[PDB]
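S.K.: One structure, as structure tokens, below. Some questions next.
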Amino acid sequence: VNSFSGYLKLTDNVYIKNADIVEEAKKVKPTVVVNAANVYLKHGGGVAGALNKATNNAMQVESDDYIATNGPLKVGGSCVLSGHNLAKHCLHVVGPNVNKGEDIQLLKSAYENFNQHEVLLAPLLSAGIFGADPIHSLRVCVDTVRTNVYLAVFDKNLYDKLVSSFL
Ligand SMILES: O=C(Nc1ccc(C(=O)N[C@@H]2c3cccc(O)c3C[C@@H]2C(=O)O)cc1)NC1CC1
């Protein structure tokens, strides 16, 4: 049993809710919150901008030190950093950004990072300002992630359509 409340069971291991990932993280304090990161860990907008703002920019400060030491991530890759006031850890995962012309096939590799964690609070990878189809992202999630994932969806109208179109 875990403390994720009001989620909708989609499969054995994937659950979904119309909710602000910032609020879910603050309420649940999950072991892992997933950030929709880019390879430079520049948390300017979308989920990343919102999570970083909620940490009062501490996420960005930590991220800048990480990049200065290690260099950029790979598209499809990830790193584990602090969850600050949101979670124990933040798993920064880089889905392909279609608005930058990146290969959508890398979306499955991006979701494979979730399998290294037994339970996660997460956004749909490559959705929103990343420019991929959220219905496609949900399908790849369900077909790739085997650990227990709680997906928070900011947009109410998108949530309604993700539920009604899910196979
Ligand atoms: O600012 C915040 N939260 C905050 C939460 C999510 C987002 C965000 O970018 N959502 C995206 C969106 C929007 C529309 C369609 C989409 O496919 C997507 C994908 C993605 C998502 O839903 O995962 C931005 C901000 N909270 C402060 C306290 C009030």
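Simple scheme: letters A, B, ... for chains in structure tokens order, numbers from 1 for residues in each chain, numbers from 1 for ligands in the order shown.
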Could you list, as a PyMOL selection string, all residues that come within 6 Å of ligand 1? Count only C-alpha atoms and all ligand atoms.

M.R.: chain A and resi 20-22+46-47+50+123-124+127-128+134+153-155

S.K.: Find the spatial neighbours of residue 137 (chain A), counting only C-alpha atoms, within a cut-off of 10 Å - ignore same-chain residues fewer than 6 positions away - and output them as a PyMOL selection string.

M.R.: chain A and resi 95+104+107-108+111+123-127+143

S.K.: Next, the residues of the selection above should be written as an mmCIF file, in the first residue's frame with N, CA and C atoms.

M.R.:
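Result saved to selection22.cif:
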```cif
data_model
loop_
_atom_site.group_PDB
_atom_site.id
_atom_site.type_symbol
_atom_site.label_atom_id
_atom_site.label_comp_id
_atom_site.auth_asym_id
_atom_site.auth_seq_id
_atom_site.Cartn_x
_atom_site.Cartn_y
_atom_site.Cartn_z
ATOM 1 N N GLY A 95 13.460 12.905 -22.387
ATOM 2 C CA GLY A 95 12.759 12.410 -23.544
ATOM 3 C C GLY A 95 13.148 13.215 -24.771
ATOM 4 N N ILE A 104 11.901 10.453 -32.038
ATOM 5 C CA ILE A 104 10.839 9.913 -31.176
ATOM 6 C C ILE A 104 11.109 8.474 -30.731
ATOM 7 N N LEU A 107 12.017 7.590 -27.190
ATOM 8 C CA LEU A 107 11.082 7.668 -26.077
ATOM 9 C C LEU A 107 11.080 6.383 -25.259
ATOM 10 N N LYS A 108 11.178 5.221 -25.914
ATOM 11 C CA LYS A 108 11.202 3.971 -25.152
ATOM 12 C C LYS A 108 12.439 3.904 -24.258
ATOM 13 N N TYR A 111 11.862 5.992 -21.156
ATOM 14 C CA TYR A 111 11.022 5.339 -20.150
ATOM 15 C C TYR A 111 11.725 4.176 -19.456
ATOM 16 N N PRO A 123 5.636 12.667 -14.952
ATOM 17 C CA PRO A 123 4.930 13.168 -16.119
ATOM 18 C C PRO A 123 5.111 12.231 -17.308
ATOM 19 N N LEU A 124 4.234 12.387 -18.308
ATOM 20 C CA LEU A 124 4.396 11.674 -19.577
ATOM 21 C C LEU A 124 5.598 12.253 -20.339
ATOM 22 N N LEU A 125 6.569 11.391 -20.652
ATOM 23 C CA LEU A 125 7.785 11.836 -21.331
ATOM 24 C C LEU A 125 7.487 12.328 -22.746
ATOM 25 N N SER A 126 8.155 13.399 -23.159
ATOM 26 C CA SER A 126 8.059 13.985 -24.495
ATOM 27 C C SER A 126 6.721 14.669 -24.782
ATOM 28 N N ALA A 127 5.829 14.799 -23.791
ATOM 29 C CA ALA A 127 4.534 15.445 -23.999
ATOM 30 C C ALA A 127 4.658 16.961 -23.750
ATOM 31 N N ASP A 143 3.775 0.130 -22.127
ATOM 32 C CA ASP A 143 4.459 -0.986 -22.776
ATOM 33 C C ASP A 143 5.942 -1.091 -22.421
#
```

S.K.: List every residue of region 81-166 of chain A that has an atom at most 10 Å from any atom of region 2-5 of chain A, giving for each one its closest atom pair and the distance in Å to one decimal, counting only C-alpha atoms, sorted by chain and then by ascending residue number, as a Markdown table.

M.R.:
```
| residue | atom | partner | partner_atom | distance |
| --- | --- | --- | --- | --- |
| A:119 | CA | A:2 | CA | 9.3 |
| A:121 | CA | A:4 | CA | 8.9 |
| A:150 | CA | A:4 | CA | 7.6 |
```

S.K.: Could you pull out the helix (DSSP H, G or I) residues of chain A from DSSP and send them as a ChimeraX atom specification?

M.R.: /A:21-28,46-54,58-70,98-100,106-116,128-130,134-144,156-165

S.K.: Choose the residue, out of A:135, A:163, A:120, A:79, that has the smallest atom-to-atom separation from residue 148 (chain A); count only C-alpha atoms.

M.R.: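 The answer is A:120, which sits nearest to residue 148 (chain A).
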
S.K.: Write out as a list in words all residues of region 48-86 of chain A that backbone DSSP assigns to strand (DSSP E or B).

M.R.: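 So, restricting region 48-86 of chain A to strand (DSSP E or B), we get residues 78, 79, 80, 81 and 82 of chain A.
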
S.K.: Tell me, as a PDB file with N, CA, C and O atoms, in the first residue's frame, which residues lie within 10 Å of residue 41 (chain A), counting only C-alpha atoms; anything in the same chain fewer than 2 positions away does not count.

M.R.:
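As written to disk, out-v3.pdb reads:
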```pdb
ATOM      1  N   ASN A  35      11.546  14.367 -13.384  1.00  0.00           N
ATOM      2  CA  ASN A  35      11.552  15.631 -14.103  1.00  0.00           C
ATOM      3  C   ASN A  35      11.666  15.382 -15.603  1.00  0.00           C
ATOM      4  O   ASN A  35      12.420  14.510 -16.056  1.00  0.00           O
ATOM      5  N   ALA A  36      10.914  16.176 -16.368  1.00  0.00           N
ATOM      6  CA  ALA A  36      11.004  16.247 -17.828  1.00  0.00           C
ATOM      7  C   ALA A  36      12.177  17.152 -18.209  1.00  0.00           C
ATOM      8  O   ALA A  36      12.017  18.330 -18.544  1.00  0.00           O
ATOM      9  N   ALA A  37      13.379  16.589 -18.128  1.00  0.00           N
ATOM     10  CA  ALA A  37      14.622  17.329 -18.271  1.00  0.00           C
ATOM     11  C   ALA A  37      15.060  17.430 -19.730  1.00  0.00           C
ATOM     12  O   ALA A  37      14.611  16.684 -20.604  1.00  0.00           O
ATOM     13  N   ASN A  38      15.985  18.359 -19.975  1.00  0.00           N
ATOM     14  CA  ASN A  38      16.778  18.378 -21.199  1.00  0.00           C
ATOM     15  C   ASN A  38      18.229  18.021 -20.859  1.00  0.00           C
ATOM     16  O   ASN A  38      18.609  17.908 -19.689  1.00  0.00           O
ATOM     17  N   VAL A  39      19.049  17.826 -21.897  1.00  0.00           N
ATOM     18  CA  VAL A  39      20.403  17.302 -21.688  1.00  0.00           C
ATOM     19  C   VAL A  39      21.293  18.253 -20.903  1.00  0.00           C
ATOM     20  O   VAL A  39      22.292  17.809 -20.324  1.00  0.00           O
ATOM     21  N   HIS A  43      16.293  24.135 -16.524  1.00  0.00           N
ATOM     22  CA  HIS A  43      14.898  23.920 -16.130  1.00  0.00           C
ATOM     23  C   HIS A  43      14.083  25.204 -16.315  1.00  0.00           C
ATOM     24  O   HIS A  43      13.699  25.871 -15.361  1.00  0.00           O
ATOM     25  N   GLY A  44      13.805  25.533 -17.575  1.00  0.00           N
ATOM     26  CA  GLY A  44      13.246  26.837 -17.906  1.00  0.00           C
ATOM     27  C   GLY A  44      11.732  26.922 -17.947  1.00  0.00           C
ATOM     28  O   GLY A  44      11.155  27.959 -17.608  1.00  0.00           O
ATOM     29  N   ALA A  48       9.741  20.978 -15.942  1.00  0.00           N
ATOM     30  CA  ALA A  48      11.038  21.282 -15.335  1.00  0.00           C
ATOM     31  C   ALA A  48      11.046  22.680 -14.728  1.00  0.00           C
ATOM     32  O   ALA A  48      11.509  22.880 -13.598  1.00  0.00           O
ATOM     33  N   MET A  59      17.037  23.334  -7.349  1.00  0.00           N
ATOM     34  CA  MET A  59      17.232  22.302  -8.364  1.00  0.00           C
ATOM     35  C   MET A  59      18.190  22.775  -9.458  1.00  0.00           C
ATOM     36  O   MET A  59      19.082  22.031  -9.882  1.00  0.00           O
ATOM     37  N   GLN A  60      18.018  24.010  -9.930  1.00  0.00           N
ATOM     38  CA  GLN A  60      18.894  24.531 -10.977  1.00  0.00           C
ATOM     39  C   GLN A  60      20.334  24.661 -10.486  1.00  0.00           C
ATOM     40  O   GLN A  60      21.272  24.330 -11.224  1.00  0.00           O
ATOM     41  N   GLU A  62      21.883  22.928  -8.122  1.00  0.00           N
ATOM     42  CA  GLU A  62      22.443  21.581  -8.059  1.00  0.00           C
ATOM     43  C   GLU A  62      22.741  21.039  -9.455  1.00  0.00           C
ATOM     44  O   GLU A  62      23.766  20.374  -9.680  1.00  0.00           O
ATOM     45  N   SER A  63      21.834  21.301 -10.394  1.00  0.00           N
ATOM     46  CA  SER A  63      21.974  20.806 -11.759  1.00  0.00           C
ATOM     47  C   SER A  63      23.173  21.430 -12.454  1.00  0.00           C
ATOM     48  O   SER A  63      23.888  20.759 -13.202  1.00  0.00           O
ATOM     49  N   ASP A  64      23.398  22.727 -12.238  1.00  0.00           N
ATOM     50  CA  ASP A  64      24.535  23.391 -12.867  1.00  0.00           C
ATOM     51  C   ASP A  64      25.852  22.786 -12.388  1.00  0.00           C
ATOM     52  O   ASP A  64      26.785  22.600 -13.175  1.00  0.00           O
ATOM     53  N   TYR A  66      26.159  19.659 -11.353  1.00  0.00           N
ATOM     54  CA  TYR A  66      26.206  18.336 -11.983  1.00  0.00           C
ATOM     55  C   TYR A  66      26.769  18.421 -13.404  1.00  0.00           C
ATOM     56  O   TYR A  66      27.640  17.626 -13.786  1.00  0.00           O
ATOM     57  N   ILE A  67      26.277  19.375 -14.205  1.00  0.00           N
ATOM     58  CA  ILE A  67      26.728  19.498 -15.592  1.00  0.00           C
ATOM     59  C   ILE A  67      28.185  19.944 -15.646  1.00  0.00           C
ATOM     60  O   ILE A  67      28.965  19.469 -16.483  1.00  0.00           O
ATOM     61  N   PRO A  72      26.804  17.073 -20.342  1.00  0.00           N
ATOM     62  CA  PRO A  72      25.381  16.862 -20.624  1.00  0.00           C
ATOM     63  C   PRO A  72      24.975  15.401 -20.568  1.00  0.00           C
ATOM     64  O   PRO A  72      25.765  14.481 -20.788  1.00  0.00           O
ATOM     65  N   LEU A  73      23.687  15.210 -20.308  1.00  0.00           N
ATOM     66  CA  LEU A  73      23.076  13.898 -20.454  1.00  0.00           C
ATOM     67  C   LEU A  73      22.925  13.570 -21.939  1.00  0.00           C
ATOM     68  O   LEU A  73      23.174  14.401 -22.816  1.00  0.00           O
ATOM     69  N   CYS A  79      19.676  11.115 -14.897  1.00  0.00           N
ATOM     70  CA  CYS A  79      20.521  11.121 -13.711  1.00  0.00           C
ATOM     71  C   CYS A  79      19.629  11.293 -12.493  1.00  0.00           C
ATOM     72  O   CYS A  79      18.538  11.860 -12.581  1.00  0.00           O
ATOM     73  N   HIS A  92      15.944  12.909 -13.234  1.00  0.00           N
ATOM     74  CA  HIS A  92      15.877  13.786 -14.402  1.00  0.00           C
ATOM     75  C   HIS A  92      15.992  12.907 -15.637  1.00  0.00           C
ATOM     76  O   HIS A  92      17.032  12.278 -15.853  1.00  0.00           O
ATOM     77  N   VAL A  93      14.924  12.815 -16.420  1.00  0.00           N
ATOM     78  CA  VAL A  93      14.878  11.962 -17.606  1.00  0.00           C
ATOM     79  C   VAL A  93      14.705  12.827 -18.842  1.00  0.00           C
ATOM     80  O   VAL A  93      13.823  13.687 -18.877  1.00  0.00           O
ATOM     81  N   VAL A  94      15.526  12.582 -19.858  1.00  0.00           N
ATOM     82  CA  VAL A  94      15.486  13.338 -21.106  1.00  0.00           C
ATOM     83  C   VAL A  94      14.716  12.539 -22.152  1.00  0.00           C
ATOM     84  O   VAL A  94      15.254  11.609 -22.759  1.00  0.00           O
TER      85      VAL A  94
END
```

S.K.: So which one's closest to residue 13 (chain A), A:141, A:75, A:54, A:33? Using only C-alpha atoms, please.

M.R.: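 Of all the options, A:141 lies closest to residue 13 (chain A).
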
S.K.: Tell me which of A:114, A:78, A:131, A:84 sits closest to residue 98 (chain A), counting only C-alpha atoms.

M.R.: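 Counting only C-alpha atoms, the residue closest to residue 98 (chain A) is A:131.
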
S.K.: Point out the residue among A:76, A:30, A:83, A:71 with the least atom-to-atom distance to residue 149 (chain A), counting only C-alpha atoms.

M.R.: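 Result for the nearest residue to residue 149 (chain A): A:30.
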
S.K.: Have a look at A:68, A:167, A:122, A:90 and name the one nearest to residue 15 (chain A); count only C-alpha atoms.

M.R.: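 Looking at the shortest contact to residue 15 (chain A), the residue is A:122.
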